[PDB]
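Each remark here refers to the structure printed beneath this line.
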Amino acid sequence: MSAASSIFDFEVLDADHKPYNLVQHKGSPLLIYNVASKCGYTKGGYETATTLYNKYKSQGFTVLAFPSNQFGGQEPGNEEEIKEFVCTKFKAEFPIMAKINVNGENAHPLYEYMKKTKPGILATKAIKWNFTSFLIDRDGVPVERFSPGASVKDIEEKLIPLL
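So the sequence shown is numbered by PDB author numbering: it starts at 9 and just counts up by one.
Right, dumping it as structure tokens:
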């Protein structure tokens, strides 16, 4: 990890567990969200990610979603939410990757890299919320961490210069 210098140093499998060509996105910025099953609420994160995706994908931009495998008690969000309520399969217009741990001992190394690069300002570098995102520059470097209730305008302040 000491030689990591961009997200493109990391292994990603798509939702069918095939190797995903992440470097295809190099040269243009992107937003990487962690997601989870649809229970009814995302703090605006679904709307924000979809809006930015559809607005800017023509300029080369993409949004990628990593769903949590919910394993181990320490994944983002409330662990009793999927126990208490019906939540269905996450669906979106943008790419969704295979399920991963984003916190804990088996945290995916891409997440360990983005979290330590941009630890955020609240509490520790752990991902606390579903629909947290990282803004990635043209070189694959994480340059901002956003909470899920970040507005389109707040993210645009950072993203438009990258475009």
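Just so it is clear, CB atoms sit at the ideal spot from N, CA and C, and this is done for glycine as well.
By the 16-neighbour rule on beta-carbons within 10 angstroms, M105 is buried.
Taking 8 angstroms as the cut-off, the beta carbon of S45 is found no closer than this to the beta carbon of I108. DSSP places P75 within a strand segment (E or B) once states are collapsed to three. Taking C-alpha positions only, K26 is separated from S36 by approximately 23 angstroms. Around the beta carbon of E152, 16 or more other beta carbons sit within 10 angstroms, so the residue counts as buried. In the three-state scheme derived from DSSP, where H, G and I count as helix and E and B as strand, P169 is classed as helix. Taking the C-beta atoms as reference points, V160 is found nearer than 8 angstroms to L60. Rounded to the nearest angstrom, the Cβ distance from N42 to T140 is 6 angstroms, consistent with a contact under 8 angstroms.
In this structure, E164 keeps its C-beta atom at 8 angstroms or more from the C-beta atom of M9. When secondary structure is reduced to three states using DSSP, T58 falls in the helix class. Look at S159 here: in three-state DSSP terms it is coil, with no helix or strand label.
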